[PDB]
Amino acid sequence: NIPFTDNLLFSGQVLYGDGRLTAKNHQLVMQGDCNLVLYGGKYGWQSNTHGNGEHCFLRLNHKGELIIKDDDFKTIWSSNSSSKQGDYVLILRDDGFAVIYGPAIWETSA
Amino acid sequence: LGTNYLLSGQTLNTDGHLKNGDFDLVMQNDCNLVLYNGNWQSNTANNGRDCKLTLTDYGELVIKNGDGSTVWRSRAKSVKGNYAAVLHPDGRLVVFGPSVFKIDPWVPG
């Protein structure tokens with residue numbers, strides 16, 4: 001498993017059961033009620049999936065698609081973003097936006 | 001600037017840091033960009049004064065001196081867009097991009 005960083009979610013990492021990203025006063029929470037909520041910015045944001053499934057988790061894949069799956073791997077929500085096979089990162093930015101960047105195009109070490 | 005990232009359009013100023021755990025990326029006053037404990041450096045020591053790190057709209061990392069002259073470039077480029085140089089917790093600086101999705105909690109509509 002990849003070590004956790006408070007404001008990042010790399011491809012393959014999972015959030016569930018009120019696990020979250022934090023940056024300044026902003027939070028991105030994969031709540032226990034199957035709702036993904038951004039507490040921050042001016043108005044916040046939500047996936048609007050309260051009660052849509054049980055024991056849901058959030059996972060960013062290696063094509064830039066961010067998905068909420070329930071305990072039986074039924075899709076509850078998707079970012080519907082899809083790109084090159086590679087490594088991606090979801091950043092809860094200091095300015096409140098949550099953005100998926102990828103694929104990786106340059107690295108210091110292989 | 002993020003504590004552990006640099007977005008295209010932002011600047012990592014002279015003697016500035018990006019840090020993730022024991023891994024410390026420093027844009028030094030001797031114009032060398034070093035990733036402490038990550039076994040990497042731009043190898044541009046004494047090549048300029050008041051040097052800064054930037055990230056182009058094509059995802060290229062660039063070191064420029066106080067006069068604005070280029071000292072080093074990552075050479076790897078992609079399409080015009082928004083990029084992010086992130087200090088990974090396993091000790092590598094990685095450029096990701098372009099952005100493929102955004103959650104906007106600011107727009108009222």
# chains A, B, ... in the order shown; residues from 1 in each chain; ligands from 1

call {"tool": "residues_around", "arguments": {"residues": "residue 89 of chain B", "least_positions_apart": "3", "cutoff": "8 Å", "atoms": "only C-alpha atoms", "output": "short mmCIF file (atom, residue, chain, number, x, y, z; two decimals) with N, CA, C and O atoms, in the first residue's frame"}}
result
data_model
loop_
_atom_site.label_atom_id
_atom_site.label_comp_id
_atom_site.auth_asym_id
_atom_site.auth_seq_id
_atom_site.Cartn_x
_atom_site.Cartn_y
_atom_site.Cartn_z
N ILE A 2 0.36 2.32 -0.63
CA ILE A 2 1.05 3.60 -0.70
C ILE A 2 0.81 4.36 0.62
O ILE A 2 -0.35 4.47 1.03
N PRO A 3 1.85 4.97 1.26
CA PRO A 3 1.59 5.76 2.47
C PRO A 3 0.62 6.90 2.18
O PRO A 3 0.60 7.45 1.07
N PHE A 4 -0.23 7.22 3.15
CA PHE A 4 -1.21 8.27 2.96
C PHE A 4 -0.60 9.66 3.14
O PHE A 4 0.23 9.88 4.03
N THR A 5 -1.06 10.61 2.30
CA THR A 5 -0.73 12.04 2.42
C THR A 5 -2.08 12.76 2.52
O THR A 5 -2.99 12.44 1.75
N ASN B 20 7.43 15.93 1.76
CA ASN B 20 6.50 14.85 2.08
C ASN B 20 7.29 13.84 2.93
O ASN B 20 8.14 13.13 2.41
N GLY B 21 7.04 13.87 4.25
CA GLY B 21 7.77 13.04 5.20
C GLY B 21 9.24 13.44 5.22
O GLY B 21 9.55 14.63 5.30
N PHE B 23 11.30 13.27 2.71
CA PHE B 23 11.68 13.73 1.38
C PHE B 23 11.46 15.22 1.26
O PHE B 23 10.35 15.71 1.49
N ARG B 92 9.82 10.44 -4.68
CA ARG B 92 10.03 10.85 -6.07
C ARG B 92 9.16 12.05 -6.39
O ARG B 92 8.05 12.16 -5.89
#

call {"tool": "interface_residues", "arguments": {"of": "chain B", "to": "chain A", "cutoff": "8 Å", "atoms": "only C-alpha atoms", "output": "ChimeraX atom specification"}}
result
/B:1-2,20,40,59,74,76-78,83-84,89-90,92-108

call {"tool": "select_by_dssp", "arguments": {"residues": "chain B", "states": "strand (DSSP E)", "output": "number ranges by chain"}}
result
B: 5-7, 11-12, 16-20, 23-27, 33-36, 40-41, 52-55, 61-64, 70-73, 84-88, 92-96, 99-103

call {"tool": "write_last_selection", "arguments": {"atoms": "N, CA and C atoms", "output": "short mmCIF file (atom, residue, chain, number, x, y, z; two decimals), in the first residue's frame"}}
result
data_model
loop_
_atom_site.label_atom_id
_atom_site.label_comp_id
_atom_site.auth_asym_id
_atom_site.auth_seq_id
_atom_site.Cartn_x
_atom_site.Cartn_y
_atom_site.Cartn_z
N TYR B 5 3.17 20.07 -3.54
CA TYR B 5 2.92 20.15 -4.97
C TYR B 5 3.17 21.54 -5.50
N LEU B 6 3.41 21.61 -6.82
CA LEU B 6 3.58 22.81 -7.60
C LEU B 6 2.67 22.70 -8.81
N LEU B 7 1.72 23.63 -8.97
CA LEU B 7 0.81 23.61 -10.12
C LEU B 7 1.36 24.48 -11.23
N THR B 11 5.12 29.23 -8.61
CA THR B 11 6.57 29.32 -8.51
C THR B 11 7.07 28.80 -7.16
N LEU B 12 8.11 27.96 -7.20
CA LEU B 12 8.85 27.53 -6.02
C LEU B 12 10.05 28.48 -5.98
N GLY B 16 13.12 27.73 -1.35
CA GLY B 16 11.79 27.20 -1.07
C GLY B 16 11.78 25.69 -1.03
N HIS B 17 10.76 25.12 -0.37
CA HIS B 17 10.62 23.67 -0.23
C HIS B 17 9.28 23.12 -0.66
N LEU B 18 9.32 21.86 -1.10
CA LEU B 18 8.21 20.91 -1.21
C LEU B 18 8.61 19.78 -0.28
N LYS B 19 7.70 19.28 0.58
CA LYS B 19 8.12 18.23 1.51
C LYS B 19 7.03 17.21 1.71
N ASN B 20 7.43 15.93 1.76
CA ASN B 20 6.50 14.85 2.08
C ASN B 20 7.29 13.84 2.93
N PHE B 23 11.30 13.27 2.71
CA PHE B 23 11.68 13.73 1.38
C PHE B 23 11.46 15.22 1.26
N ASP B 24 12.55 15.95 0.96
CA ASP B 24 12.58 17.40 0.93
C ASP B 24 13.18 17.94 -0.38
N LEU B 25 12.32 18.53 -1.23
CA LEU B 25 12.73 19.13 -2.49
C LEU B 25 13.05 20.59 -2.24
N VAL B 26 14.30 20.99 -2.50
CA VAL B 26 14.73 22.36 -2.25
C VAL B 26 15.24 23.03 -3.54
N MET B 27 14.67 24.21 -3.87
CA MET B 27 15.15 25.05 -4.97
C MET B 27 16.19 25.94 -4.32
N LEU B 33 18.51 22.20 -7.82
CA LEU B 33 17.24 21.68 -7.32
C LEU B 33 17.53 20.29 -6.81
N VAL B 34 17.45 20.08 -5.49
CA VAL B 34 17.84 18.80 -4.90
C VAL B 34 16.67 18.16 -4.16
N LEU B 35 16.51 16.85 -4.36
CA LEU B 35 15.49 16.08 -3.66
C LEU B 35 16.19 15.29 -2.56
N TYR B 36 16.28 15.89 -1.36
CA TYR B 36 16.96 15.27 -0.24
C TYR B 36 16.26 13.99 0.20
N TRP B 40 18.26 12.43 -6.03
CA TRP B 40 18.08 13.19 -7.27
C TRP B 40 18.43 14.65 -7.07
N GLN B 41 19.04 15.24 -8.11
CA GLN B 41 19.38 16.65 -8.22
C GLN B 41 19.36 17.05 -9.70
N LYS B 52 14.44 30.12 -9.52
CA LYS B 52 13.06 29.72 -9.22
C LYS B 52 12.64 28.53 -10.08
N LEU B 53 11.73 27.70 -9.55
CA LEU B 53 11.18 26.54 -10.25
C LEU B 53 9.77 26.85 -10.68
N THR B 54 9.46 26.59 -11.95
CA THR B 54 8.12 26.79 -12.51
C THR B 54 7.71 25.54 -13.28
N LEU B 55 6.43 25.46 -13.61
CA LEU B 55 5.87 24.34 -14.37
C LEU B 55 5.06 24.93 -15.50
N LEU B 61 8.93 21.04 -16.16
CA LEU B 61 9.55 21.73 -15.02
C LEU B 61 10.68 22.61 -15.56
N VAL B 62 10.78 23.87 -15.10
CA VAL B 62 11.80 24.81 -15.60
C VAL B 62 12.45 25.56 -14.43
N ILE B 63 13.79 25.60 -14.42
CA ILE B 63 14.58 26.39 -13.48
C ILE B 63 15.06 27.62 -14.25
N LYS B 64 14.78 28.82 -13.72
CA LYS B 64 15.20 30.10 -14.30
C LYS B 64 15.91 30.94 -13.25
N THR B 70 16.73 30.49 -18.69
CA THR B 70 16.54 29.07 -18.37
C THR B 70 17.89 28.42 -18.05
N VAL B 71 17.91 27.65 -16.95
CA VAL B 71 19.07 26.94 -16.40
C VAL B 71 18.92 25.42 -16.63
N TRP B 72 17.69 24.90 -16.51
CA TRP B 72 17.38 23.47 -16.64
C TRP B 72 15.91 23.28 -17.02
N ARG B 73 15.61 22.21 -17.77
CA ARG B 73 14.24 21.85 -18.17
C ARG B 73 14.07 20.31 -18.14
N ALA B 84 0.41 19.22 -12.52
CA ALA B 84 0.80 19.24 -11.11
C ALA B 84 2.08 18.43 -10.90
N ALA B 85 3.10 19.05 -10.28
CA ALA B 85 4.34 18.37 -9.89
C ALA B 85 4.17 18.03 -8.43
N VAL B 86 4.11 16.74 -8.10
CA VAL B 86 3.77 16.26 -6.76
C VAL B 86 4.92 15.48 -6.14
N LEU B 87 5.20 15.76 -4.87
CA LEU B 87 6.22 15.01 -4.15
C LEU B 87 5.52 13.79 -3.53
N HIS B 88 5.72 12.63 -4.18
CA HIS B 88 5.17 11.34 -3.77
C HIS B 88 5.78 10.91 -2.42
N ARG B 92 9.82 10.44 -4.68
CA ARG B 92 10.03 10.85 -6.07
C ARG B 92 9.16 12.05 -6.39
N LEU B 93 9.69 12.96 -7.23
CA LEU B 93 8.92 14.11 -7.71
C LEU B 93 8.35 13.70 -9.04
N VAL B 94 7.03 13.80 -9.18
CA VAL B 94 6.33 13.32 -10.38
C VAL B 94 5.47 14.43 -10.97
N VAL B 95 5.53 14.59 -12.29
CA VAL B 95 4.67 15.55 -12.99
C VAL B 95 3.49 14.78 -13.53
N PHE B 96 2.27 15.17 -13.13
CA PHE B 96 1.02 14.56 -13.61
C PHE B 96 0.23 15.54 -14.43
N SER B 99 -5.03 17.92 -16.37
CA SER B 99 -6.15 17.58 -15.51
C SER B 99 -7.25 16.96 -16.36
N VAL B 100 -7.94 15.97 -15.81
CA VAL B 100 -8.98 15.25 -16.54
C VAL B 100 -10.35 15.43 -15.87
N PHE B 101 -10.38 15.96 -14.63
CA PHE B 101 -11.62 16.13 -13.89
C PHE B 101 -11.45 17.15 -12.77
N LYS B 102 -12.49 17.93 -12.52
CA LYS B 102 -12.44 18.94 -11.47
C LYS B 102 -13.77 19.00 -10.73
N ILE B 103 -13.71 19.03 -9.39
CA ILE B 103 -14.84 19.25 -8.48
C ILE B 103 -14.72 20.72 -8.10
#

call {"tool": "atom_distance", "arguments": {"atom1": "atom CA of residue 31 of chain B", "atom2": "atom CA of residue 13 of chain B"}}
result
10.7 Å

call {"tool": "decode", "arguments": {"residues": "segment 12-28 of chain A", "atoms": "N, CA and C atoms", "output": "PDB file, in the first residue's frame"}}
result
ATOM      1  N   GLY A  12      -5.136   3.687  -6.975  1.00  0.00           N
ATOM      2  CA  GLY A  12      -5.025   2.484  -6.156  1.00  0.00           C
ATOM      3  C   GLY A  12      -5.345   2.707  -4.691  1.00  0.00           C
ATOM      4  N   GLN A  13      -5.197   3.946  -4.169  1.00  0.00           N
ATOM      5  CA  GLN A  13      -5.538   4.171  -2.761  1.00  0.00           C
ATOM      6  C   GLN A  13      -7.063   4.149  -2.587  1.00  0.00           C
ATOM      7  N   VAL A  14      -7.536   3.737  -1.416  1.00  0.00           N
ATOM      8  CA  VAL A  14      -8.982   3.709  -1.175  1.00  0.00           C
ATOM      9  C   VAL A  14      -9.334   4.521   0.071  1.00  0.00           C
ATOM     10  N   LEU A  15     -10.489   5.202   0.024  1.00  0.00           N
ATOM     11  CA  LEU A  15     -11.086   5.919   1.157  1.00  0.00           C
ATOM     12  C   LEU A  15     -12.472   5.332   1.410  1.00  0.00           C
ATOM     13  N   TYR A  16     -12.842   5.159   2.673  1.00  0.00           N
ATOM     14  CA  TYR A  16     -14.154   4.612   3.057  1.00  0.00           C
ATOM     15  C   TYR A  16     -14.400   4.949   4.509  1.00  0.00           C
ATOM     16  N   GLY A  17     -15.628   4.726   4.972  1.00  0.00           N
ATOM     17  CA  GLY A  17     -15.982   4.885   6.385  1.00  0.00           C
ATOM     18  C   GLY A  17     -15.552   6.191   7.022  1.00  0.00           C
ATOM     19  N   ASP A  18     -15.826   7.299   6.327  1.00  0.00           N
ATOM     20  CA  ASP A  18     -15.561   8.684   6.732  1.00  0.00           C
ATOM     21  C   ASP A  18     -14.057   9.050   6.632  1.00  0.00           C
ATOM     22  N   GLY A  19     -13.291   8.245   5.881  1.00  0.00           N
ATOM     23  CA  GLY A  19     -11.904   8.539   5.530  1.00  0.00           C
ATOM     24  C   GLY A  19     -11.899   9.766   4.638  1.00  0.00           C
ATOM     25  N   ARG A  20     -10.862  10.610   4.732  1.00  0.00           N
ATOM     26  CA  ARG A  20     -10.911  11.869   3.995  1.00  0.00           C
ATOM     27  C   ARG A  20      -9.572  12.451   3.593  1.00  0.00           C
ATOM     28  N   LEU A  21      -9.638  13.401   2.647  1.00  0.00           N
ATOM     29  CA  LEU A  21      -8.539  14.287   2.300  1.00  0.00           C
ATOM     30  C   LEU A  21      -8.792  15.595   3.015  1.00  0.00           C
ATOM     31  N   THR A  22      -7.724  16.257   3.468  1.00  0.00           N
ATOM     32  CA  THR A  22      -7.826  17.542   4.156  1.00  0.00           C
ATOM     33  C   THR A  22      -6.768  18.486   3.608  1.00  0.00           C
ATOM     34  N   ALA A  23      -7.126  19.767   3.471  1.00  0.00           N
ATOM     35  CA  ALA A  23      -6.214  20.837   3.037  1.00  0.00           C
ATOM     36  C   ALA A  23      -6.743  22.138   3.575  1.00  0.00           C
ATOM     37  N   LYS A  24      -5.972  22.810   4.456  1.00  0.00           N
ATOM     38  CA  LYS A  24      -6.412  24.050   5.098  1.00  0.00           C
ATOM     39  C   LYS A  24      -7.747  23.748   5.810  1.00  0.00           C
ATOM     40  N   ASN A  25      -8.825  24.494   5.503  1.00  0.00           N
ATOM     41  CA  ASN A  25     -10.160  24.278   6.068  1.00  0.00           C
ATOM     42  C   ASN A  25     -11.034  23.371   5.166  1.00  0.00           C
ATOM     43  N   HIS A  26     -10.499  22.903   4.019  1.00  0.00           N
ATOM     44  CA  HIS A  26     -11.248  22.036   3.093  1.00  0.00           C
ATOM     45  C   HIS A  26     -11.119  20.559   3.453  1.00  0.00           C
ATOM     46  N   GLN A  27     -12.179  19.775   3.188  1.00  0.00           N
ATOM     47  CA  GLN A  27     -12.181  18.321   3.385  1.00  0.00           C
ATOM     48  C   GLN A  27     -12.916  17.643   2.240  1.00  0.00           C
ATOM     49  N   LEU A  28     -12.472  16.451   1.842  1.00  0.00           N
ATOM     50  CA  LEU A  28     -13.168  15.621   0.854  1.00  0.00           C
ATOM     51  C   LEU A  28     -13.384  14.299   1.548  1.00  0.00           C
TER      52      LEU A  28
END
